[PDB]
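Protein chains: 6
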Amino acid sequence: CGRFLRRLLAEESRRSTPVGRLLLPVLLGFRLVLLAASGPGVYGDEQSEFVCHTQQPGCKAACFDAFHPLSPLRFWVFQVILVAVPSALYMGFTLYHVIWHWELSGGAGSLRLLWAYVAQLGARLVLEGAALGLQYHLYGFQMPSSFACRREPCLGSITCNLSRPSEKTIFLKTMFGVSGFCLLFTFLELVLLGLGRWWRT
Amino acid sequence: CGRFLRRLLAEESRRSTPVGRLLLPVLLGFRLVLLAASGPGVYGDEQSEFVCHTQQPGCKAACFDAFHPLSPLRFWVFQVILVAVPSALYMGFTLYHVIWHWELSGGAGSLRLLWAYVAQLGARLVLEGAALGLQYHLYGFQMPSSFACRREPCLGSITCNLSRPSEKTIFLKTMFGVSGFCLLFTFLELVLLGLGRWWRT
Amino acid sequence: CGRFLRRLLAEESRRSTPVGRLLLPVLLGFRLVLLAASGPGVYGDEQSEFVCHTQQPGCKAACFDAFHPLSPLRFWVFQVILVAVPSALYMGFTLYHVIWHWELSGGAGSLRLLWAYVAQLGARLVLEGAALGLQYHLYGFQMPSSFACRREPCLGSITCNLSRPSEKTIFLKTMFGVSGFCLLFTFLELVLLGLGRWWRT
Amino acid sequence: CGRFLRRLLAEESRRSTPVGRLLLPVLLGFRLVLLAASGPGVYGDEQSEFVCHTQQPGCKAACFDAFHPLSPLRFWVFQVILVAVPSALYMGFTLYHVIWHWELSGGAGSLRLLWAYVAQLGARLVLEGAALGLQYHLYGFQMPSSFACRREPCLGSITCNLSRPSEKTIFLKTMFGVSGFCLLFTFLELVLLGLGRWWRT
Amino acid sequence: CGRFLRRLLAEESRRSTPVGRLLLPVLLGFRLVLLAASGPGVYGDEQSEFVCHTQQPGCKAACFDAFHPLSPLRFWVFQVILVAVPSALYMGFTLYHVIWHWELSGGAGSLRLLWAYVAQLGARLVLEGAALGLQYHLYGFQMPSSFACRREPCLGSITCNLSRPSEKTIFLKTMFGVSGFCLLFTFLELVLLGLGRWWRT
Amino acid sequence: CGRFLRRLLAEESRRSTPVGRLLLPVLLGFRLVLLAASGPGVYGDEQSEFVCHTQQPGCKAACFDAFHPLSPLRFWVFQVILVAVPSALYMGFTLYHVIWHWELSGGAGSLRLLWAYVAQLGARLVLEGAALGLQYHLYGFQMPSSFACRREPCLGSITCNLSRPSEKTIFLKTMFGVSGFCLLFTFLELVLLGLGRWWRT
Ligand SMILES: CCCCCCCCCCC(CCCCCCCCCC)(CO[C@H]1O[C@@H](CO)[C@H](O[C@@H]2O[C@@H](CO)[C@H](O)[C@@H](O)[C@@H]2O)[C@@H](O)[C@@H]1O)CO[C@H]1O[C@@H](CO)[C@H](O[C@@H]2O[C@@H](CO)[C@H](O)[C@@H](O)[C@@H]2O)[C@@H](O)[C@H]1O
Ligand SMILES: CCCCCCCCCCC(CCCCCCCCCC)(CO[C@H]1O[C@@H](CO)[C@H](O[C@@H]2O[C@@H](CO)[C@H](O)[C@@H](O)[C@@H]2O)[C@@H](O)[C@@H]1O)CO[C@H]1O[C@@H](CO)[C@H](O[C@@H]2O[C@@H](CO)[C@H](O)[C@@H](O)[C@@H]2O)[C@@H](O)[C@H]1O
Ligand SMILES: CCCCCCCCCCC(CCCCCCCCCC)(CO[C@H]1O[C@@H](CO)[C@H](O[C@@H]2O[C@@H](CO)[C@H](O)[C@@H](O)[C@@H]2O)[C@@H](O)[C@@H]1O)CO[C@H]1O[C@@H](CO)[C@H](O[C@@H]2O[C@@H](CO)[C@H](O)[C@@H](O)[C@@H]2O)[C@@H](O)[C@H]1O
Ligand SMILES: CCCCCCCCCCC(CCCCCCCCCC)(CO[C@H]1O[C@@H](CO)[C@H](O[C@@H]2O[C@@H](CO)[C@H](O)[C@@H](O)[C@@H]2O)[C@@H](O)[C@@H]1O)CO[C@H]1O[C@@H](CO)[C@H](O[C@@H]2O[C@@H](CO)[C@H](O)[C@@H](O)[C@@H]2O)[C@@H](O)[C@H]1O
Ligand SMILES: CCCCCCCCCCC(CCCCCCCCCC)(CO[C@H]1O[C@@H](CO)[C@H](O[C@@H]2O[C@@H](CO)[C@H](O)[C@@H](O)[C@@H]2O)[C@@H](O)[C@@H]1O)CO[C@H]1O[C@@H](CO)[C@H](O[C@@H]2O[C@@H](CO)[C@H](O)[C@@H](O)[C@@H]2O)[C@@H](O)[C@H]1O
Ligand SMILES: CCCCCCCCCCC(CCCCCCCCCC)(CO[C@H]1O[C@@H](CO)[C@H](O[C@@H]2O[C@@H](CO)[C@H](O)[C@@H](O)[C@@H]2O)[C@@H](O)[C@@H]1O)CO[C@H]1O[C@@H](CO)[C@H](O[C@@H]2O[C@@H](CO)[C@H](O)[C@@H](O)[C@@H]2O)[C@@H](O)[C@H]1O
Ligand SMILES: [Ca+2]
Ligand SMILES: [Ca+2]
Ligand SMILES: [Ca+2]
Ligand SMILES: [Ca+2]
Ligand SMILES: [Ca+2]
Ligand SMILES: [Ca+2]
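Protein chains in written order, with the entry's author numbering: chain A, 2 to 107, 127 to 221; chain F, 2 to 107, 127 to 221; chain E, 2 to 107, 127 to 221; chain D, 2 to 107, 127 to 221; chain C, 2 to 107, 127 to 221; chain B, 2 to 107, 127 to 221.
In structure tokens, the structure reads:
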């Protein structure tokens with residue numbers, strides 16, 4: 002029915018501010034739609050866009066494995082589903098809380133939902149921060165046009181060339197920014213609930 | 002229910018004129034359906050449609066990266082999701098405004133929605149205008165049939181040929197026009213709310 | 002709810018005859034399903050089905066660009082979305098008209133919807149007629165099996181062969197017919213509303 | 002609502018027998034699901050499965066165009082949408098008939133729906149019969165393993181070989197049978213309404 | 002509505018036992034999801050995975066046509082839609098039975133549904149049994165790694181090799197088992213309704 | 002309706018703890034979304050990523066069949082549908098239990133649902149445990165970069181190289197972990213219902 006959904010949305014947004022009510026959900030949906038629409042077009046053909054000037058058998062696969070042990074498309078999919086796990090638990094915890102109290106009325129129980137909201141914001145802050153650092157550690161801010169490889173079974177130094185480095189750099193920097201703003205407004209929502217004075221006392 | 006949706010549509014369209022109520026939404030949906038249906042068919046195979054008459058390793062990827070640092074398909078996807086961000090915030094701000102005032106009645129509060137409507141039109145005017153200028157700056161109005169390239173690792177001047185320049189020019193000019201009409205009627209909707217006299221006083 | 006939809010359909014079909022109530026919508030849906038299901042199978046591989054007997058670099062792309070500056074698949078997609086634009090505006094204009102008059106009652129206002137219905141039929145007649153003429157001007161009624169090309173950078177006269185001309189001719193003639201019947205019954209619906217005597221007086 | 006749909010189904014099935022109420026709709030859905038699931042797998046790669054033992058330019062496309070001017074996949078799509086056109090008109094004619102008589106009560129009008137039901141069965145009998153004859157005239161009952169071709173620009177007699185003739189013959193015979201049973205039970209439904217005595221008097 | 006569906010499910014499951022109420026529907030859905038998800042990955046590229054060591058034109062297509070006149074993917078699609086035909090007729094026969102008796106009350129009629137339930141179980145037993153025997157007759161229990169071919173236009177004995185025989189054998193045996201359990205519990209549901217004593221008297 | 006679903010969720014979650022109410026469903030959905038989104042990208046092209054340095058006909062297919070008799074993508078699809086079978090039976094058993102007791106009231129019957137919940141957790145523990153052991157037995161924890169093959173029709177020892185071993189090892193270890201946590205919290209949910217004292221007495 003429609004009177005149950007108006008209670009599910011009003012209870013899940015009673016403690017938050019407009020930063021968590023509107024801005025964060027739109028930022029997280031913006032990131033997902035962008036990855037789904039444009040991601041495969043930029044990084045989907047990474048293996049065929051990696052050309053090494055050699056003929057020894059097995060050398061091209063050894064050099065590509067050293068350059069990228071994990072593709073950005075796999076990294077970003079894992080990020081978006083991990084960050085969604087704390088929110089799925091909180092929405093489920095709110096769903097059953099409304100079902101069971103409907104059946105007795107048509127603070128002590130309303131306060132346990134506040135601790136649940138503070139806890140999933142804290143988990144998201146730690147997950148968003150560790151993902152940004154891992155992203156910088158793996159890929160950096162720029163994708164090169166060449167790559168020098170020295171490994172077995174290659175004999176000597178092998179030079180390999182990449183395709184579309186400018187477009188890949190642009191998409192990389194765009195995702196660092198969208199993720200950086202998600203972290204900032206997750207921290208700001210905690211400050212406005214009173215984290216400034218909690219850490220003091 | 003159906004009586005809640007009749008209030009959500011009536012409140013979200015109380016301040017607008019027929020230009021913003023009917024014409025703008027149909028223009029923006031028209032642009033999205035056109036890009037989804039025809040876009041990949043015209044620009045999807047840009048890399049394979051770029052033939053350079055050379056044999057040096059790495060030269061074809063260097064010349065294509067100089068010609069297009071960003072494909073039109075990626076540019077237009079970013080435009081349509083950015084312009085949707087101000088409208089998603091306004092529709093969410095209206096959704097919660099209706100939920101909370103249902104629960105007390107079955127100007128001062130109706131006026132804050134007017135400032136929200138004026139503000140997302142202003143943000144869309146700035147986003148639509150900057151996108152048109154960037155589009156003209158990157159691609160122009162015409163797609164050539166040839167391209168001269170002088171860069172490393174290419175030795176000398178390399179001539180490259182493109183496929184389907186007429187069909188690409190037609191689709192480019194069509195999108196500049198659909199976007200140009202979106203900007204005009206976003207400006208006209210502000211004038212009819214009283215922007216002519218606001219800037220005066 | 003279900004009592005709102007019974008009013009939306011009854012008001013949007015009060016002035017029309019059975020030609021506009023049943024026959025035109027089925028004809029327009031028939032055209033869309035046919036293009037979606039069979040279109041890509043007949044015209045999707047046009048570029049690979051165009052073989053020119055030459056070896057000069059750049060000549061095959063120059064001759065194909067002269068033969069088809071616009072593919073039929075792109076032309077027909079643009080036709081079906083343009084013709085839908087007048088109907089989307091009329092259905093939206095009817096939606097809000099029902100929402101606002103529900104809220105005061107649970127001719128002068130019913131007559132403005134008649135002018136809106138006459139106006140979108142007139143716009144569709146002009147759009148359907150101009151599209152048929154453009155179709156005949158671009159493609160004709162028959163797709164050839166060969167094509168002579170004389171353009172730069174080709175040296176001399178180049179002969180190119182096409183694949184599946186019979187199946188392409190059949191699909192072309194079928195779409196001219198389905199579109200021709202859409203035009204006829206759009207004109208007949210205006211005559212039955214009284215266009216015969218309007219143009220007289 | 003759910004009380005409107007119970008009236009839409011009861012009125013659309015008041016005059017029919019169990020042959021038209023259950024058996025015909027299941028037979029027509031069975032044919033559509035079979036074509037969608039298995040059709041592209043059997044006939045989708047017809048062009049690449051047609052090998053001619055020659056080297057003259059243009060000869061392979063001339064011989065394939067003579068063998069199949071229309072693919073079975075295109076023929077069967079056109080059949081299923083044509084046969085659906087009489088049923089879409091009848092269901093629409095019943096929808097508006099229920100909407101307008103709801104609004105006056107919460127034989128002469130019930131009898132006009134009988135003529136509409138008899139008329140769409142008659143149109144389906146003519147469309148189903150003409151399609152079966154056209155199918156036999158175009159393809160037959162068997163798909164060969166070889167094909168002799170004598171046409172320009174081929175010099176002499178050219179022999180071409182086909183792939184998977186057994187699987188194509190099986191799918192062809194299966195569709196003739198499913199369509200043949202659709203025709204039989206469309207004729208039987210007319211006989212049970214009284215066509216035996218109508219043609220007499 | 003929701004009170005109509007609670008009657009549609011209660012009437013369609015009044016005569017059955019837990020074997021037909023829960024176990025059979027889950028077994029049949031399990032088979033469909035498995036075929037849709039994994040089937041194309043194992044058998045989709047059968048033609049390209051069939052390598053014959055020859056050069057005569059037309060010999061490879063003649064040998065593959067002898068080995069498989071019907072692919073397992075086409076056989077299993079036909080099985081799952083045939084077995085669904087008796088259940089679609091019974092669910093439709095129950096739908097109209099509930100619609101018409103709602104309209105007179107808000127054994128003799130409840131008993132005709134028992135004969136309908138016994139009859140579709142009997143039809144499914146015959147269809148499931150004939151499909152298992154046909155499957156064993158066509159494919160067996162094992163897919164070989166080689167194949168000897170002696171047919172026109174091949175000159176002599178031709179040896180052909182197959183790819184992935186172990187994975188194909190595993191998927192074949194799995195489907196024989198899932199289908200074998202469907203047959204067993206269709207027979208057991210008839211025994212529990214009283215088939216043991218019916219065949220006696 | 003919405004009052005029926007609030008009873009279906011309240012009855013299906015009356016006996017469980019928060020471990021089974023929230024955590025297990027989110028873990029199992031997390032695994033499915035990850036396999037659907039990223040799985041084909043990592044393992045989809047396994048056959049083309051397997052290069053053997055030979056020329057004898059039939060040797061490459063013999064060595065690949067020995068290395069992988071079953072792909073991980075097929076193994077993981079079978080795991081997720083098997084583990085879902087006990088939950089589908091329990092949800093169906095709860096659905097009919099609510100339908101039939103609605104129709105008599107608007127412990128002995130509530131206790132039979134407890135045995136059903138304990139039984140599907142036990143079946144899932146056995147299925148999850150046997151799948152983990154089979155996974156370790158088939159693939160291990162690491163995917164190599166090379167493979168030595170000695171089988172007919174290969175003459176001698178053949179060395180084959182694999183592509184992307186690092187990314188495949190990462191995805192393999194990730195799925196062992198997600199499945200290992202599913203097993204742990206299925207065992208913990210039984211302990212909290214009283215399995216510690218049941219096995220004692
Ligand atoms: C109304 C006034 C408006 C004024 C606008 C000022 C703004 C300037 C825009 C700057 C920008 C916007 C990209 C769009 C991003 C949108 C974000 C959304 C993304 C979607 C999710 C494109 O702008 C450039 O476009 C060029 C087009 O070729 C122009 O070329 C000239 O003019 C043309 C004119 O027609 C002529 O035709 C053309 O012949 C001329 O040569 C340049 O003049 C112009 O600066 C990005 O600049 C890019 O520059 C390249 C250079 O190297 C960078 O490459 C880096 O170095 C490589 C070599 O070491 C490495 O190999 C590579 O690894 C690395 O990348 C890129 O990294 C990036 O920085
Ligand atoms: C009832 C009376 C109706 C009267 C109609 C008058 C209207 C005229 C229409 C004009 C238009 C409509 C395109 C449809 C757009 C729809 C928009 C929706 C888009 C979907 C989202 C096609 O019209 C042309 O079609 C030609 C077909 O080949 C005709 O060819 C002749 O007649 C045939 C007859 O059969 C014969 O067969 C055929 O052999 C004859 O040669 C021309 O006569 C005709 O003008 C576009 O014109 C195009 O011309 C080309 C020329 O160069 C332009 O190329 C440019 O220059 C290149 C070389 O430098 C560059 O390389 C290229 O980069 C650049 O592009 C294009 O840019 C574009 O301007
Ligand atoms: C129960 C009695 C029923 C009597 C039926 C009478 C009706 C006749 C039907 C006519 C029709 C229906 C197509 C279906 C359209 C459905 C529309 C829905 C479309 C789906 C959206 C096919 O009918 C033809 O089919 C042939 C099959 O090959 C038959 O071949 C013979 O018999 C076989 C017998 O088995 C033998 O096997 C076979 O060996 C025999 O050779 C012909 O006899 C028969 O006329 C179309 O005819 C076509 O003819 C070709 C000839 O050229 C036309 O080609 C044109 O010229 C080319 C060369 O210049 C150009 O290159 C090309 O550009 C151009 O096209 C086509 O344009 C088109 O006109
Ligand atoms: C429990 C007892 C059950 C008794 C069952 C009796 C029923 C017999 C079934 C008959 C049927 C069912 C197809 C399934 C249809 C399902 C419909 C649903 C479709 C899905 C929508 C397959 O049955 C055949 O299968 C063969 C497999 O190869 C068997 O081969 C042997 O035994 C194996 C044993 O293991 C050995 O392994 C194997 O080595 C042995 O050689 C045959 O013995 C058997 O008759 C179809 O028969 C087919 O035969 C071929 C012959 O030519 C026909 O080819 C035609 O001629 C060509 C050459 O001129 C042309 O080129 C071609 O154009 C044309 O086609 C086909 O047209 C078709 O008639
Ligand atoms: C915790 C204790 C748990 C104990 C577990 C005991 C259970 C044993 C499992 C048995 C099974 C499970 C398949 C999963 C089925 C899941 C069903 C769901 C399907 C999804 C819908 C795989 O198990 C095998 O896997 C091998 C992996 O290569 C192992 O190889 C060794 O150990 C590795 C260790 O690491 C080393 O690495 C590796 O180097 C070692 O060589 C074997 O030891 C092991 O038996 C299937 O066995 C298979 O064997 C092959 C042999 O031929 C059969 O091939 C047949 O003959 C061919 C040649 O004539 C034909 O050409 C072919 O046509 C035909 O097929 C197959 O038919 C099938 O029978
Ligand atoms: C803010 C501080 C944060 C500190 C972070 C510390 C954490 C360290 C992370 C470790 C990790 C995270 C992978 C992400 C997993 C996410 C899980 C979700 C999955 C999605 C579902 C990547 O981390 C490595 O990335 C390298 C990038 O190349 C770096 O390279 C250097 O630095 C660069 C710097 O720029 C330079 O550019 C670059 O030139 C430098 O060379 C390394 O320094 C770094 O350790 C995985 O490590 C991997 O190492 C390889 C080595 O062999 C392992 O290969 C194994 O051996 C092969 C040869 O025998 C076998 O062939 C192969 O079979 C086997 O695999 C892998 O197995 C795996 O263990
Ligand atoms: Ca680029
Ligand atoms: Ca063109
Ligand atoms: Ca043809
Ligand atoms: Ca075959
Ligand atoms: Ca295998
Ligand atoms: Ca890797």
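Virtual Cβ for every residue (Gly too), placed ideally from N, Cα, C.
Could you list which residues in chain D have their beta carbon closer than 9 Å to that of residue i, in chain order?
i              : result
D66 of chain C : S165, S183, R184, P185, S186 and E187
On the DSSP bridge list, what partners appear for residue i?
i               : result
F51 of chain D  : D:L182
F167 of chain B : B:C180
Which word fits residue i, buried or exposed, when buried means at least 16 other C-beta atoms lie within 10 angstroms of its C-beta?
i               : result
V146 of chain C : exposed
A37 of chain E  : exposed
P185 of chain D : buried
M195 of chain F : buried
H157 of chain D : exposed
Does chain A have any CB closer than 8 Å to the CB of residue i?
i               : result
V78 of chain F  : yes
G59 of chain F  : yes
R7 of chain B   : yes
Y159 of chain F : no
What in chain F is Cβ-close to residue i, meaning under 9 Å?
i             : result
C2 of chain A : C2
Should residue i be flagged as near chain C, meaning a C-beta pair shorter than 8 Å?
i              : result
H54 of chain D : yes
Compare the C-beta of residue i with all C-beta atoms of chain F and state if any pair is closer than 8 Å.
i               : result
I178 of chain E : no
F94 of chain E  : yes
Using a beta-carbon distance below 8 Å, is residue i in contact with chain E?
i              : result
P73 of chain D : no
How about residue i: is its C-beta nearer than 8 Å to some C-beta of chain B?
i               : result
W103 of chain A : yes
Run down chain E in chain order and give the residues with a C-beta less than 9 Å from the C-beta of residue i.
i               : result
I190 of chain F : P70, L71 and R75
Touching or not, the region 88-98 of chain B and the region 9-28 of chain B, by the rule of three or more beta carbon pairs under 8 Å?
-> yes
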